[PDB]
Amino acid sequence: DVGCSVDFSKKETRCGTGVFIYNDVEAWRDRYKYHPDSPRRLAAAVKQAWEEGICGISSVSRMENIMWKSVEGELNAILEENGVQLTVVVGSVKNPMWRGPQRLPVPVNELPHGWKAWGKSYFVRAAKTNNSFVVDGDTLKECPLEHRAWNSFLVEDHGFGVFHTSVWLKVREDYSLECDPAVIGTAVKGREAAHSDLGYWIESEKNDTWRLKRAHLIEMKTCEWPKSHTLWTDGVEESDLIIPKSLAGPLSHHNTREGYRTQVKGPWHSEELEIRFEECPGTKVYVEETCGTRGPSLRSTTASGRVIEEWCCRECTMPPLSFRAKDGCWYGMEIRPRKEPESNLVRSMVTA
Amino acid sequence: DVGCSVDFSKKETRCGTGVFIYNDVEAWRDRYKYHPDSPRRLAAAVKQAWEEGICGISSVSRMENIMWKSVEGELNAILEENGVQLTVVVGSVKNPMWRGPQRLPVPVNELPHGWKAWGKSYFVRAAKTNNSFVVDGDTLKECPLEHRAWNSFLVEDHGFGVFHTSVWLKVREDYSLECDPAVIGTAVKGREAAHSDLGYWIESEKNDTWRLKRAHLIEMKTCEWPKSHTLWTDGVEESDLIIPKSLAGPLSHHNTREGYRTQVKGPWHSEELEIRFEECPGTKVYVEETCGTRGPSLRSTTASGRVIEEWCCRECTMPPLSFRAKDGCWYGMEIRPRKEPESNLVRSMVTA
Amino acid sequence: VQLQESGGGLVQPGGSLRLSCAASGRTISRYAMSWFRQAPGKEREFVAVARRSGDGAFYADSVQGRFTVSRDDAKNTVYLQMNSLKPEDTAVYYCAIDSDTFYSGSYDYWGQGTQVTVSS
Amino acid sequence: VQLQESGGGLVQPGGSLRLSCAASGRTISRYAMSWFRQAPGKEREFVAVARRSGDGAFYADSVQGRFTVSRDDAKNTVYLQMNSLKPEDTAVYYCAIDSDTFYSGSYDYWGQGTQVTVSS
Amino acid sequence: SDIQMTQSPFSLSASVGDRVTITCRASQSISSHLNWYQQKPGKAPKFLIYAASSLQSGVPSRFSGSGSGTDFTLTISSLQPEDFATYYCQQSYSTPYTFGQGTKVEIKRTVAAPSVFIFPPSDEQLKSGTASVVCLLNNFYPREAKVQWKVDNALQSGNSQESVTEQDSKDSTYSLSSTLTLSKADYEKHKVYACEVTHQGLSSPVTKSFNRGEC
Amino acid sequence: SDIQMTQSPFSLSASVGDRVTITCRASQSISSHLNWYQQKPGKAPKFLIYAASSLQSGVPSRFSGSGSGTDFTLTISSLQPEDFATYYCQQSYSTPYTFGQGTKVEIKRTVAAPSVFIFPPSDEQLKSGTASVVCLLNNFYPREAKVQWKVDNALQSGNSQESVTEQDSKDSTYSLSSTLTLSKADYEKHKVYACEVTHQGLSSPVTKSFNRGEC
Amino acid sequence: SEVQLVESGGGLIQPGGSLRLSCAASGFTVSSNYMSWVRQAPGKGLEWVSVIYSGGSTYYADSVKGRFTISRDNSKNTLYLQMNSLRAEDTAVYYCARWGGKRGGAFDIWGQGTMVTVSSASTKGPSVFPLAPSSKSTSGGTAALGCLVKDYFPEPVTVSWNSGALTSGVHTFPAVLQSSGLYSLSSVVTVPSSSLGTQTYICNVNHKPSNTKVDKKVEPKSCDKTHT
Amino acid sequence: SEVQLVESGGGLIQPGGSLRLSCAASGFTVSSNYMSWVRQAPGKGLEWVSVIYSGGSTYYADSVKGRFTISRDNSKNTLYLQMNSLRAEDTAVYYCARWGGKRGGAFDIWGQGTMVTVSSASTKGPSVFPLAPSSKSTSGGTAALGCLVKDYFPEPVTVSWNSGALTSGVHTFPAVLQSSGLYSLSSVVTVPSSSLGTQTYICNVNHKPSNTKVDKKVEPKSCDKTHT
Ligand SMILES: *[C@@H]1O[C@H](CO)[C@@H](O)[C@H](O)[C@H]1NC(C)=O
Ligand SMILES: *[C@@H]1O[C@H](CO)[C@@H](O)[C@H](O)[C@H]1NC(C)=O
């Protein structure tokens with residue numbers, strides 16, 4: 001991998017050979033084709049799932065939902081052409097993305113139809129039917145979560161990813177709980193390190209010891225980060241990981257900060273979230289031993305938009321931990337209001 | 001950090017940010033021109049080391065040895081300005097670079113006046129005395145190993161827009177047993193990863209699960225690799241690390257291969273070494289329960305230059321491990337000849 | 001803590017009678033109520049036990065089938081339904097309450113009893 | 001299996017004497033040998049012990065510092081070098097041999113003894 | 001923290017043809033990763049239900065599970081003679097994988113009084129320096145029973161061990177044996193030993209006692 | 001495996017002004033990371049020498065060390081009264097770090113008066129059901145002494161325990177007490193109880209015995 | 001293909017010892033499925049211990065955290081558990097179970113199990129004491145008598161009456177572990193009172209490990225004239 | 001400032017309990033130096049427990065691997081050792097030490113130590129038995145007599161003769177732990193034979209934990225007429 005780079009703190013410049021990790025989260029990627037195997041086989045799997053009482057699917061990540069949306073119509077066309085009476089409905093996804101107990105099957109053979117959908121870009125209608133294969137959406141009361149699928153896809157290749165941007169997928173044959181490794185990359189160089197995937201970008205630094213620096217998340221998955229793609233795993237207790245192990249947090253010393261316990265009650269209902277160790281505008285934090293115990297995350301602004309100025313914590317290390325979202329600022333559990341009725345506070349929606 | 005990438009495996013020309021780690025091992029010889037900061041203080045440190053009973057130095061890495069061999073002159077010149085009577089003699093290195101019990105002092109205050117170093121870096125004139133502060137060489141008898149120093153320097157800053165970037169070293173203040181972290185880099189991307197430093201380049205990939213791929217060695221240190229710069233440290237026993245922990249091997253699953261134990265008696269005396277999992281030319285390795293027990297590693301050719309064509313092992317996975325050196329091709333400890341007696345072959349020297 | 005039986009009287013053979021034991025000063029939902037009878041010049045023989053809800057009730061072999069016992073936690077009373085009365089059933093029915101929550105038979109209190117006789 | 005002591009005789013206080021015992025019928029190199037003494041009408045107390053090579057030797061308070069021991073496996077004979085003899089050392093120095101290989105003090109074979117007296 | 005699974009009831013009694021309800025509760029939301037296992041004496045568990053509503057291949061249609069979140073239930077439409085066993089509920093959401101305490105399912109059976117017997121320690125055992133007195137309960141139902149030791153009208157505690165046999169195959173009753181172990185010196189210092197038995201089917205406690213020196 | 005350390009001798013005795021040398025060892029090449037500590041009874045170890053030849057600040061000049069390869073040595077030129085203690089060598093090369101067994105320094109002033117005694121078990125202890133036979137060795141030296149319990153001419157093994165006191169501060173004596181424990185039933189089965197003391201101070205084993213039932 | 005899991009490597013061991021358990025597999029490959037170890041102590045429920053993922057990660061229960069180690073041999077198609085620093089508290093039956101292929105997270109296939117006993121006691125024979133009938137063991141014309149077997153190790157012992165002639169009314173209670181480290185059990189039989197003075201009852205106690213065979217005759221005590 | 005290491009947190013605990021020791025460093029920061037724990041069992045050598053590097057890496061000895069966990073606090077300048085699943089073998093005196101840098105990796109400065117005892121036995125009082133002198137306890141006109149203190153817990157016990165009047169010839173043997181979990185020691189005194197029939201010898205045994213005080217008079221057995 002011949003390449004080059006330019007420093008920003010300095011002007012050191014060079015090409016050469018090495019290994020290069022790229023940040024694709026804030027860049028927002030670009031248009032992806034997301035070839036979901038052969039739509040013929042996807043149709044066969046969809047039919048086979050219905051025969052065994054499988055209602056819908058729950059998207060692990062935002063890529064899966066977009067792939068479903070982009071292949072919706074042609075799948076319906078294939079179903080209509082062959083002897084099938086079923087409809088697929090796709091809807092907006094919400095966070096956090098919960099785990100489904102079912103897994104889509106792998107058909108032994110393929111539907112007897114004219115296989116013309118390989119590479120078909122939507123733009124086709126089908127006959128509506130009473131029975132529908134709902135994908136996410138708000139189709140919950142129609143069928144509860146216990147009859148949904150989850151994490152059944154496995155990235156196959158990146159054929160012509162530079163310009164055609166084709167991500168090839170497949171249906172896996174293994175039950176698993178870990179996130180897809182084919183899109184994970186982490187590196188350390190001197191006094192800086194980073195863990196990243198298509199939705200997570202986490203940065204760590206050494207200051208008297210390795211610690212968490214900053215994180216930017218556009219999705220909240222529920223798989224678990226594999227160990228092989230993690231730095232310095234041993235010697236840490238899961239009670240201390242800032243990003244919960246249940247929300248796909250790495251098992252690392254780099255994922256820790258001293259004076260803070262694991263954040264399992266944060267505002268994980270948002271769409272875009274940034275973790276920053278800083279005070280938000282108009283707020284201050286003091287350290288006192290008489291402050292309250294841990295509680296749900298509270299927004300810095302009242303429902304009407306008023307701001308609470310004074311907050312206290314017990315045994316936290318400055319700068320304080322906070323979450324940044326388009327709604328406003330959310331503090332961690334360790335920090336509690338110094339003087340404020342709990343009625344005006346917007347409590348984080350506990351995720352279960 | 002703007003990017004520069006042309007991946008020939010996939011032919012993707014990207015341009016973004018991230019973190020990049022380069023392979024600098026193959027061009028090590030003259031990558032820097034040091035001038036360790038303030039040699040007027042290094043002179044006082046050497047004088048005090050001589051006074052206290054510290055009579056020599058055993059180099060930790062080839063970089064330090066070249067630093068000595070480049071600053072030998074001006075240092076002697078500074079000695080010949082205040083009446084000090086000592087002569088620094090710098091010799092050649094031998095592998096492995098053993099460890100020294102003592103540490104170089106940190107002078108309380110610099111010499112009364114040593115500005116003669118200003119404007120005279122390399123071309124200087126000095127005198128000679130009887131006292132010797134020997135660096136390296138076949139000179140143990142003049143300063144016994146129990147009085148040599150070792151591992152007394154840290155890199156403060158480095159990196160410049162020049163073929164030879166100036167490095168600002170300093171005298172370490174605290175005792176330590178681990179290698180300097182400021183020049184270590186490692187990363188993993190999909191199915192490939194690498195650990196490296198200025199003299200180590202090690203590669204691993206995924207097949208069933210992660211395993212060692214290859215390594216390139218130009219020096220054999222004796223410091224310990226820090227944990228923070230290691231991937232997946234949990235669950236590995238130190239008896240399976242292919243590169244021994246004492247010889248600066250990392251504690252990782254990436255540093256393991258199935259069917260082989262630690263290599264404590266490999267041909268670690270050669271100048272530079274490369275590790276490959278392939279046959280030595282003109283030879284084959286078998287797997288046989290009846291083969292011999294572990295022992296010292298043997299060279300594939302006799303001292304007379306004749307080749308040995310058949311080798312065996314008991315429980316090793318093919319292809320076999322081997323060492324590529326300037327002398328010739330060697331086989332691992334688990335691998336012994338089938339019929340020819342081992343006393344006829346060349347045995348490697350003892351290291352501990 | 002007071003036990004008061006009621007609903008006892010002469011009944012012809014084959015008839016139906018239903019007793020009631022008004023309990024006070026205690027929550028019978030957390031305990032078990034048991035029925036015992038003692039004929040004149042005889043011992044005190046087990047009749048039936050009504051455990052808490054979801055545990056069922058156990059009946060003596062002699063009174064098996066004909067009798068039936070039920071509870072009303074709301075009214076804090078135990079109701080026994082009798083079917084196919086016989087002359088041998090003539091006796092004084094003494095109610096009992098099991099103090100032990102594990103149902104060890106640690107009876108502590110008894111009611112005054114009621115006289116009931118069967119004769120055509 | 002015979003032990004015969006020799007080299008015993010009168011010595012002035014502060015003198016020097018060297019006892020010697022010639023072992024026969026056994027290999028003392030594989031065993032440990034000890035010295036003993038008995039004053040007339042007295043018990044039989046310590047003199048010194050010579051263990052196998054590389055194990056060192058132990059001495060009694062009265063004899064330590066003054067006495068010295070050395071074995072000779074090749075000639076299967078043990079020697080005691082006495083320094084600064086005292087009148088209190090007057091006794092019959094009695095050799096002994098330890099049968100147990102673990103140095104358990106199991107003495108089974110002994111010699112005749114030799115008279116030693118100290119007087120100026 | 002680990003996930004705790006509380007089964008209830010500890011045991012229930014039913015006949016052939018009735019409806020049985022078993023509940024399993026979890027201390028935290030676990031989605032629907034719940035399983036049910038059936039274990040017979042001297043055998044490894046067996047796999048019945050997954051996902052809290054799905055039936056494994058080969059499981060008879062009688063069994064059916066329901067519930068979501070924390071509260072889950074198991075039901076049998078028509079109890080059969082071959083359904084006598086213990087039932088465990090397990091959660092597979094995350095490590096560590098915890099099990100339930102288990103519930104024993106038994107046949108209904110009529111109340112029978114316990115016969116009480118007491119045996120003074122044998123003379124041969126007294127020669128060894130230890131004395132053991134045996135109290136026996138035979139052919140009683142239900143299994144719940146209490147046995148108390150009194151020496152010289154003094155209650156004993158921490159000095160007795162009890163063993164309970166399995167439900168009888170013919171009359172479906174139980175037997176209980178409680179053993180009290182005392183040293184020879186301690187045994188001789190007392191005169192009267194008594195075993196008090198409390199049971200549902202006995203109107204008043206039954207006491208069997210003997211005097212040290214009387215045959 | 002780990003690298004193992006060793007010391008010799010286990011203990012030695014010398015007077016003031018003697019020269020004493022102690023040898024430590026390592027099972028494999030450790031370069032020269034060898035240390036020495038002194039521990040007086042009831043105190044933490046004190047640090048004397050490092051690097052196998054370097055003297056810590058404040059240590060008396062009479063201490064010195066040397067060695068090469070797998071063998072190392074410590075030496076004291078002129079023994080002083082305040083130099084009675086135990087000595088340990090220690091590594092610092094690689095984990096796990098290891099110590100040596102130790103070596104005790106002894107004074108040179110012992111066997112004032114050997115004495116042998118035996119005590120039959122008291123009747124009070126018999127009433128409890130256990131019998132202890134005590135054999136006493138008073139004011140003897142050296143500590144190497146063998147006590148064998150013989151009952152009815154039968155040798156005893158695995159039923160006795162021994163305790164040794166510290167060096168006497170006045171005459172440098174040592175006291176050893178061996179207790180033989182038998183059950184009361186066992187104690188009545190035998191008639192002659194004897195403890196045999198085999199010690200260098202005794203030329204032949206001295207046997208002290210008592211006869212059960214006889215004063 | 002038929003699927004099985006078969007354990008091996010159980011036995012008797014002393015405190016502080018070490019042992020290795022082997023769980024073989026057939027019909028499938030252990031590399032592509034999660035594998036776990038589960039155990040059941042005598043008279044108690046089930047207990048999970050450790051798991052190894054198909055990717056290679058491992059997790060352990062606190063009760064064995066550090067003392068045990070799980071590993072698989074991808075070539076020999078075997079699952080291993082290494083046990084060190086054993087205690088008597090680790091006595092139990094041990095199973096290895098397969099993570100379900102498609103049916104959620106469930107132990108689809110179990111094994112037969114192996115017994116592991118951690119005890120320092122040595123083999124010893126039983127002591128039998130007759131439970132002589134008396135007026136305190138009589139109820140409604142029925143007399144209770146038996147034999148008390150005490151202080152034996154290891155299991156099992158077979159107790160029979162009149163060489164198996166008497167079977168009705170026989171109740172052989174389960175063994176119990178005494179604090180001394182030896183087992184004990186009681187056997188009783190109910191017979192008519194009128195048969196005590198005419199019929200003879202003997203209990204046959206056998207202990208194959210110690211090769212102890214005792215025939216003890218249980219008869220009314222001499223001082224009890226009531227049955228004479 | 002003076003380099004002092006101060007330890008606290010020891011005590012008595014039952015098997016299976018948990019404890020947390022604190023080693024407070026002074027005069028230097030625990031962050032830059034390597035730190036370790038060392039223990040010494042009663043009457044035994046020295047053993048290394050664990051170490052934590054200045055970089056945060058930690059290592060443990062096998063015998064305590066998993067159960068123990070070493071950690072440090074930089075705000076309070078403290079070194080911690082967390083103990084779980086304690087056994088009886090874990091009783092010893094524990095030390096923390098500094099890893100001297102200018103001294104080639106030497107245990108430069110130590111602490112005063114602290115005692116940890118793991119036992120479930122409850123406080124109990126001693127029983128005093130007299131070691132009556134007899135013809136078997138006399139040698140050359142000197143009579144040996146003593147008192148036996150048995151079955152007591154915990155330490156210590158003080159024994160004196162004649163309220164401290166008699167001190168010469170008295171040897172108090174060290175306490176020894178028995179298999180039952182209790183201690184026993186012996187105290188003996190040598191006196192002239194002729195004084196047995198005229199002098200009175202009484203041993204005072206005191207044990208605070210049991211609040212027991214016993215004064216036992218030792219005299220020749222009545223059947224021993226030689227001393228009358
Ligand atoms: C970072 O570094 C130094 C020591 O490395 C420390 O004193 C300083 O306070 C640290 N900074 C912060 C913001 O914690
Ligand atoms: C792993 O490596 C071997 C040797 O190169 C190769 O034959 C094999 O296909 C690879 N993959 C697997 C799954 O074994």
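Quick note on labels: first sequence line is chain A, next is B, and so on, each numbered from 1. Ligands are counted one by one from 1 in listed order, and the atoms in each one are counted from 1 as well. The basis for the numbers below is simple: all heavy atoms, side chains too, and nothing from hydrogens, waters or symmetry mates.
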Q: Answer yes if the ring centres of A:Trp232 and A:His253 are under 6.0 angstrom apart, and no otherwise.
A: yes
(Q) Assess whether a salt bridge exists between B:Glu173 and H:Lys102, defined as any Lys/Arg side-chain N lying under 4.0 Å from an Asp/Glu carboxylate O. (A) yes
Q. Any chance the side chains of A:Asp234 and B:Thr233 put a donor and an acceptor closer than 3.5 Å?
A. yes
Q. Can you check whether A:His216 and A:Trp201 have ring centres sitting under 6.0 Å from each other?
A. no
Q: Determine, step by step, whether A:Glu274 and A:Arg214 satisfy the salt bridge (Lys or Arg N to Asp or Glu O under 4.0 Å) criterion, reporting the C-alpha distance in whole Å, the side-chain angles of both residues, the deciding distance to 0.1 Å, and the verdict.
A: CA-CA 8 Å; A:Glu274 163 165 6; A:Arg214 194 186 72 93; 3.3 Å; yes
Q) Partners of A:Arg211 by side chain to side chain contact (heavy atoms under 4.5 Å, CB included), sequence neighbours excluded? A) A:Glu205, A:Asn207, A:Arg257
**Q.** Under 4.0 Å from ligand 1, counting heavy atoms only: the protein residues, by chain and number
**A.** A:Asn207, A:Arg211
